[PDB]
Amino acid sequence: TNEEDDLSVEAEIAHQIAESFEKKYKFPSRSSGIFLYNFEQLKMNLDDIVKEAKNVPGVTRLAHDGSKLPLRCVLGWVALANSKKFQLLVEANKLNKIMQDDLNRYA
């Protein structure tokens with residue numbers, strides 16, 4: 001019934017991820033350090049990345065309004081859910097704090 005919303009949301013998310021597909025975002029390593037990761041390392045179909053990004057709380061709403069997305073948070077959520085390398089490299093506790101901080105910063 002509301003296909004127009006799902007189409008506009010998917011294209012807004014697809015647009016922002018394609019634009020920043022190679023950008024190196026910073027994530028907490030288990031050694032208190034920092035490690036870098038981008039969407040290109042997810043080794044996932046481009047459609048699937050956008051599908052997963054739609055599950056991140058607050059993203060689909062931000063995409064409906066055409067606002068800038070917290071892509072570091074989206075990348076971290078998608079990788080944590082899909083990438084075993086990312087999981088084994090990240091400190092999940094501080095990641096959730098950062099994702100919650102950047103998801104409360106945005107809205």
# chains A, B, ... in the order shown; residues from 1 in each chain; ligands from 1

call {"tool": "residues_around", "arguments": {"residues": "residue 13 in chain A", "least_positions_apart": "4", "cutoff": "8 Å", "atoms": "only C-alpha atoms", "output": "list in words"}}
result
residues 9, 17, 50, 53 and 63 of chain A

call {"tool": "select_by_dssp", "arguments": {"residues": "range 22-101 of chain A", "states": "strand (DSSP E)", "output": "ChimeraX atom specification"}}
result
/A:25-28,34-37

call {"tool": "residues_around", "arguments": {"residues": "residue 67 in chain A", "least_positions_apart": "6", "cutoff": "10 Å", "atoms": "only C-alpha atoms", "output": "short mmCIF file (atom, residue, chain, number, x, y, z; two decimals) with N, CA and C atoms, in the first residue's frame"}}
result
data_model
loop_
_atom_site.label_atom_id
_atom_site.label_comp_id
_atom_site.auth_asym_id
_atom_site.auth_seq_id
_atom_site.Cartn_x
_atom_site.Cartn_y
_atom_site.Cartn_z
N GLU A 12 17.13 6.47 -0.63
CA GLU A 12 17.90 7.38 0.21
C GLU A 12 19.03 6.64 0.92
N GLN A 16 23.17 7.11 0.25
CA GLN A 16 24.16 7.51 1.24
C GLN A 16 25.25 6.45 1.41
N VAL A 59 17.01 4.51 11.64
CA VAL A 59 17.52 4.79 10.30
C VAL A 59 16.37 5.01 9.33
N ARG A 61 13.51 5.97 9.73
CA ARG A 61 12.88 7.27 9.97
C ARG A 61 13.73 8.40 9.40
N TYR A 106 21.96 11.73 16.53
CA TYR A 106 21.03 11.82 15.42
C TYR A 106 19.62 11.48 15.89
N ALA A 107 18.63 12.01 15.18
CA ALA A 107 17.22 11.66 15.39
C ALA A 107 16.33 12.69 14.71
#

call {"tool": "closest_residue", "arguments": {"among": "A:48, A:5, A:91, A:40", "to": "residue 18 in chain A", "atoms": "only C-alpha atoms"}}
result
A:40

call {"tool": "closest_residue", "arguments": {"among": "A:60, A:38, A:96, A:55", "to": "residue 20 in chain A", "atoms": "only C-alpha atoms"}}
result
A:38

call {"tool": "closest_residue", "arguments": {"among": "A:1, A:41, A:29, A:82", "to": "residue 94 in chain A", "atoms": "only C-alpha atoms"}}
result
A:29

call {"tool": "select_by_dssp", "arguments": {"residues": "range 2-106 of chain A", "states": "alpha helix (DSSP H)", "output": "ChimeraX atom specification"}}
result
/A:3-19,46-53,59-64,71-82,84-89,92-105

call {"tool": "residues_around", "arguments": {"residues": "residue 77 in chain A", "least_positions_apart": "3", "cutoff": "8 Å", "atoms": "only C-alpha atoms", "output": "list in words"}}
result
residues 53, 56, 73, 74, 80, 81 and 99 of chain A

call {"tool": "decode", "arguments": {"residues": "range 86-102 of chain A", "atoms": "N, CA and C atoms", "output": "PDB file, in the first residue's frame"}}
result
ATOM      1  N   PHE A  86      34.696  -8.646  11.835  1.00  0.00           N
ATOM      2  CA  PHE A  86      34.350  -7.471  12.625  1.00  0.00           C
ATOM      3  C   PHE A  86      34.039  -7.855  14.066  1.00  0.00           C
ATOM      4  N   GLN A  87      33.239  -8.907  14.253  1.00  0.00           N
ATOM      5  CA  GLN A  87      32.894  -9.344  15.601  1.00  0.00           C
ATOM      6  C   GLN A  87      34.146  -9.653  16.412  1.00  0.00           C
ATOM      7  N   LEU A  88      35.040 -10.472  15.855  1.00  0.00           N
ATOM      8  CA  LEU A  88      36.239 -10.890  16.570  1.00  0.00           C
ATOM      9  C   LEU A  88      37.228  -9.755  16.785  1.00  0.00           C
ATOM     10  N   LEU A  89      37.073  -8.635  16.082  1.00  0.00           N
ATOM     11  CA  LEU A  89      37.993  -7.516  16.213  1.00  0.00           C
ATOM     12  C   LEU A  89      37.503  -6.433  17.163  1.00  0.00           C
ATOM     13  N   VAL A  90      36.202  -6.352  17.407  1.00  0.00           N
ATOM     14  CA  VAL A  90      35.595  -5.202  18.063  1.00  0.00           C
ATOM     15  C   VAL A  90      35.377  -5.492  19.541  1.00  0.00           C
ATOM     16  N   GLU A  91      35.370  -4.428  20.343  1.00  0.00           N
ATOM     17  CA  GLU A  91      34.899  -4.494  21.721  1.00  0.00           C
ATOM     18  C   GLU A  91      33.409  -4.173  21.689  1.00  0.00           C
ATOM     19  N   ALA A  92      32.576  -5.201  21.844  1.00  0.00           N
ATOM     20  CA  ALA A  92      31.143  -5.023  21.644  1.00  0.00           C
ATOM     21  C   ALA A  92      30.544  -4.031  22.634  1.00  0.00           C
ATOM     22  N   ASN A  93      31.069  -3.973  23.859  1.00  0.00           N
ATOM     23  CA  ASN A  93      30.484  -3.089  24.862  1.00  0.00           C
ATOM     24  C   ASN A  93      30.640  -1.627  24.460  1.00  0.00           C
ATOM     25  N   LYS A  94      31.876  -1.187  24.205  1.00  0.00           N
ATOM     26  CA  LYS A  94      32.079   0.204  23.810  1.00  0.00           C
ATOM     27  C   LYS A  94      31.412   0.506  22.474  1.00  0.00           C
ATOM     28  N   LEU A  95      31.330  -0.482  21.579  1.00  0.00           N
ATOM     29  CA  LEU A  95      30.640  -0.268  20.311  1.00  0.00           C
ATOM     30  C   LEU A  95      29.186   0.127  20.543  1.00  0.00           C
ATOM     31  N   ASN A  96      28.477  -0.624  21.393  1.00  0.00           N
ATOM     32  CA  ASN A  96      27.079  -0.305  21.665  1.00  0.00           C
ATOM     33  C   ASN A  96      26.930   1.062  22.317  1.00  0.00           C
ATOM     34  N   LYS A  97      27.890   1.459  23.155  1.00  0.00           N
ATOM     35  CA  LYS A  97      27.867   2.808  23.713  1.00  0.00           C
ATOM     36  C   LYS A  97      28.005   3.849  22.609  1.00  0.00           C
ATOM     37  N   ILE A  98      28.986   3.662  21.723  1.00  0.00           N
ATOM     38  CA  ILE A  98      29.187   4.595  20.618  1.00  0.00           C
ATOM     39  C   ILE A  98      27.967   4.617  19.709  1.00  0.00           C
ATOM     40  N   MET A  99      27.433   3.440  19.374  1.00  0.00           N
ATOM     41  CA  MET A  99      26.257   3.393  18.512  1.00  0.00           C
ATOM     42  C   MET A  99      25.063   4.063  19.179  1.00  0.00           C
ATOM     43  N   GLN A 100      24.900   3.863  20.489  1.00  0.00           N
ATOM     44  CA  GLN A 100      23.819   4.532  21.206  1.00  0.00           C
ATOM     45  C   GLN A 100      24.065   6.034  21.286  1.00  0.00           C
ATOM     46  N   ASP A 101      25.326   6.444  21.443  1.00  0.00           N
ATOM     47  CA  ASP A 101      25.641   7.868  21.494  1.00  0.00           C
ATOM     48  C   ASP A 101      25.374   8.537  20.151  1.00  0.00           C
ATOM     49  N   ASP A 102      25.834   7.920  19.058  1.00  0.00           N
ATOM     50  CA  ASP A 102      25.624   8.497  17.736  1.00  0.00           C
ATOM     51  C   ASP A 102      24.189   8.332  17.249  1.00  0.00           C
TER      52      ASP A 102
END
